[PDB]
file data17.pdb (PDB, N, CA and C atoms)
ATOM      1  N   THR A   1      19.604 -13.496   9.480  1.00  0.00           N
ATOM      2  CA  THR A   1      18.972 -12.595  10.428  1.00  0.00           C
ATOM      3  C   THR A   1      19.033 -11.154   9.917  1.00  0.00           C
ATOM      4  N   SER A   2      20.231 -10.753   9.514  1.00  0.00           N
ATOM      5  CA  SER A   2      20.437  -9.409   9.004  1.00  0.00           C
ATOM      6  C   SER A   2      20.188  -9.377   7.495  1.00  0.00           C
ATOM      7  N   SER A   3      20.161 -10.565   6.907  1.00  0.00           N
ATOM      8  CA  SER A   3      19.935 -10.687   5.477  1.00  0.00           C
ATOM      9  C   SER A   3      18.439 -10.840   5.196  1.00  0.00           C
ATOM     10  N   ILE A   4      17.645 -10.137   5.991  1.00  0.00           N
ATOM     11  CA  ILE A   4      16.200 -10.186   5.838  1.00  0.00           C
ATOM     12  C   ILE A   4      15.636  -8.764   5.901  1.00  0.00           C
ATOM     13  N   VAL A   5      15.796  -8.150   7.064  1.00  0.00           N
ATOM     14  CA  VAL A   5      15.310  -6.796   7.267  1.00  0.00           C
ATOM     15  C   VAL A   5      15.609  -5.959   6.021  1.00  0.00           C
ATOM     16  N   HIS A   6      16.888  -5.891   5.686  1.00  0.00           N
ATOM     17  CA  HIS A   6      17.318  -5.131   4.524  1.00  0.00           C
ATOM     18  C   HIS A   6      16.337  -5.355   3.373  1.00  0.00           C
ATOM     19  N   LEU A   7      16.040  -6.623   3.129  1.00  0.00           N
ATOM     20  CA  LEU A   7      15.121  -6.984   2.063  1.00  0.00           C
ATOM     21  C   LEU A   7      13.728  -6.445   2.392  1.00  0.00           C
ATOM     22  N   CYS A   8      13.261  -6.788   3.584  1.00  0.00           N
ATOM     23  CA  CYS A   8      11.951  -6.347   4.030  1.00  0.00           C
ATOM     24  C   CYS A   8      11.857  -4.834   3.824  1.00  0.00           C
ATOM     25  N   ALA A   9      13.011  -4.187   3.898  1.00  0.00           N
ATOM     26  CA  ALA A   9      13.073  -2.746   3.723  1.00  0.00           C
ATOM     27  C   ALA A   9      12.598  -2.387   2.313  1.00  0.00           C
ATOM     28  N   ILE A  10      12.965  -3.238   1.366  1.00  0.00           N
ATOM     29  CA  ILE A  10      12.584  -3.024  -0.020  1.00  0.00           C
ATOM     30  C   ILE A  10      11.131  -3.461  -0.219  1.00  0.00           C
ATOM     31  N   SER A  11      10.891  -4.738   0.038  1.00  0.00           N
ATOM     32  CA  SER A  11       9.555  -5.292  -0.108  1.00  0.00           C
ATOM     33  C   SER A  11       8.670  -4.840   1.056  1.00  0.00           C
ATOM     34  N   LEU A  12       8.442  -3.535   1.111  1.00  0.00           N
ATOM     35  CA  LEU A  12       7.619  -2.964   2.163  1.00  0.00           C
ATOM     36  C   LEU A  12       7.106  -1.594   1.715  1.00  0.00           C
ATOM     37  N   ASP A  13       8.049  -0.701   1.455  1.00  0.00           N
ATOM     38  CA  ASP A  13       7.707   0.644   1.022  1.00  0.00           C
ATOM     39  C   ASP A  13       6.547   0.573   0.026  1.00  0.00           C
ATOM     40  N   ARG A  14       6.690  -0.323  -0.939  1.00  0.00           N
ATOM     41  CA  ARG A  14       5.667  -0.500  -1.954  1.00  0.00           C
ATOM     42  C   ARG A  14       4.276  -0.462  -1.319  1.00  0.00           C
ATOM     43  N   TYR A  15       4.166  -1.117  -0.173  1.00  0.00           N
ATOM     44  CA  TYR A  15       2.902  -1.166   0.543  1.00  0.00           C
ATOM     45  C   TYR A  15       2.928  -0.245   1.765  1.00  0.00           C
ATOM     46  N   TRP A  16       3.395   0.974   1.538  1.00  0.00           N
ATOM     47  CA  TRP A  16       3.477   1.954   2.607  1.00  0.00           C
ATOM     48  C   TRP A  16       2.634   3.166   2.203  1.00  0.00           C
ATOM     49  N   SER A  17       3.120   3.877   1.196  1.00  0.00           N
ATOM     50  CA  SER A  17       2.424   5.054   0.707  1.00  0.00           C
ATOM     51  C   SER A  17       0.938   4.743   0.519  1.00  0.00           C
ATOM     52  N   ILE A  18       0.678   3.687  -0.239  1.00  0.00           N
ATOM     53  CA  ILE A  18      -0.689   3.275  -0.504  1.00  0.00           C
ATOM     54  C   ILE A  18      -1.449   3.160   0.820  1.00  0.00           C
ATOM     55  N   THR A  19      -0.951   2.281   1.677  1.00  0.00           N
ATOM     56  CA  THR A  19      -1.569   2.067   2.974  1.00  0.00           C
ATOM     57  C   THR A  19      -2.032   3.397   3.570  1.00  0.00           C
ATOM     58  N   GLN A  20      -1.070   4.289   3.762  1.00  0.00           N
ATOM     59  CA  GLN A  20      -1.363   5.597   4.322  1.00  0.00           C
ATOM     60  C   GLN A  20      -2.583   6.210   3.629  1.00  0.00           C
ATOM     61  N   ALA A  21      -2.468   6.349   2.316  1.00  0.00           N
ATOM     62  CA  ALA A  21      -3.548   6.917   1.528  1.00  0.00           C
ATOM     63  C   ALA A  21      -4.216   5.808   0.711  1.00  0.00           C
ATOM     64  N   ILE A  22      -4.790   4.853   1.428  1.00  0.00           N
ATOM     65  CA  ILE A  22      -5.462   3.737   0.785  1.00  0.00           C
ATOM     66  C   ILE A  22      -6.873   4.164   0.374  1.00  0.00           C
ATOM     67  N   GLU A  23      -7.527   4.877   1.279  1.00  0.00           N
ATOM     68  CA  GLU A  23      -8.877   5.351   1.024  1.00  0.00           C
ATOM     69  C   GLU A  23      -8.918   6.167  -0.269  1.00  0.00           C
ATOM     70  N   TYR A  24      -7.757   6.688  -0.639  1.00  0.00           N
ATOM     71  CA  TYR A  24      -7.648   7.487  -1.848  1.00  0.00           C
ATOM     72  C   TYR A  24      -8.132   6.704  -3.069  1.00  0.00           C
ATOM     73  N   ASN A  25      -7.875   5.405  -3.040  1.00  0.00           N
ATOM     74  CA  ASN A  25      -8.279   4.537  -4.133  1.00  0.00           C
ATOM     75  C   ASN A  25      -8.769   3.203  -3.566  1.00  0.00           C
ATOM     76  N   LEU A  26     -10.016   3.209  -3.119  1.00  0.00           N
ATOM     77  CA  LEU A  26     -10.614   2.013  -2.553  1.00  0.00           C
ATOM     78  C   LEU A  26     -11.874   1.654  -3.343  1.00  0.00           C
ATOM     79  N   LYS A  27     -12.904   2.465  -3.153  1.00  0.00           N
ATOM     80  CA  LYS A  27     -14.166   2.246  -3.839  1.00  0.00           C
ATOM     81  C   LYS A  27     -14.630   3.557  -4.474  1.00  0.00           C
ATOM     82  N   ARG A  28     -14.057   3.853  -5.632  1.00  0.00           N
ATOM     83  CA  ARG A  28     -14.402   5.069  -6.349  1.00  0.00           C
ATOM     84  C   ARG A  28     -15.595   4.819  -7.275  1.00  0.00           C
ATOM     85  N   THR A  29     -16.213   5.911  -7.698  1.00  0.00           N
ATOM     86  CA  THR A  29     -17.362   5.825  -8.584  1.00  0.00           C
ATOM     87  C   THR A  29     -18.297   4.699  -8.136  1.00  0.00           C
ATOM     88  N   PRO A  30     -18.933   4.917  -6.954  1.00  0.00           N
ATOM     89  CA  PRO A  30     -19.851   3.933  -6.405  1.00  0.00           C
ATOM     90  C   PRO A  30     -21.181   3.944  -7.162  1.00  0.00           C
ATOM     91  N   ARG A  31     -21.642   2.747  -7.500  1.00  0.00           N
ATOM     92  CA  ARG A  31     -22.894   2.605  -8.222  1.00  0.00           C
ATOM     93  C   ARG A  31     -23.980   2.049  -7.298  1.00  0.00           C
ATOM     94  N   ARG A  32     -25.020   2.847  -7.111  1.00  0.00           N
ATOM     95  CA  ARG A  32     -26.127   2.449  -6.258  1.00  0.00           C
ATOM     96  C   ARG A  32     -27.431   3.080  -6.750  1.00  0.00           C
TER      97      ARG A  32
END
call {"tool": "encode", "arguments": {"input": "data17.pdb", "output": "C-alpha cells"}}
result
Amino acid sequence: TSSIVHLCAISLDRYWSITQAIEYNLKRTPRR
C-alpha cells in the first residue's frame, strides 16, 4: 500500500512537466 505511492512518485514526474507544457512540443513545423 505504502510501497506504491513512493514509486508512483518517481514514475510520474517524468510525465508532469511535459504534460503542463505539452503543447510546447506536439505538432511543430506543420505541413499543409
call {"tool": "axis_aligned_box", "arguments": {"input": "data17.pdb", "around": "stretch 8-11 of chain A", "padding_each_side": "3 Å", "output": "lines of an AutoDock Vina configuration file"}}
result
center_x = 11.0
center_y = -4.6
center_z = 1.9
size_x = 10.6
size_y = 10.4
size_z = 10.2
call {"tool": "atom_distance", "arguments": {"input": "data17.pdb", "atom1": "atom CA of residue A:12", "atom2": "atom CA of residue A:28"}}
result
24.9 Å
call {"tool": "atom_distance", "arguments": {"input": "data17.pdb", "atom1": "atom CA of residue A:3", "atom2": "atom CA of residue A:15"}}
result
20.1 Å
call {"tool": "atom_distance", "arguments": {"input": "data17.pdb", "atom1": "atom CA of residue A:24", "atom2": "atom CA of residue A:6"}}
result
28.7 Å
call {"tool": "select_by_dssp", "arguments": {"input": "data17.pdb", "residues": "chain A", "states": "alpha helix (DSSP H)", "output": "ChimeraX atom specification"}}
result
/A:2-13,17-20
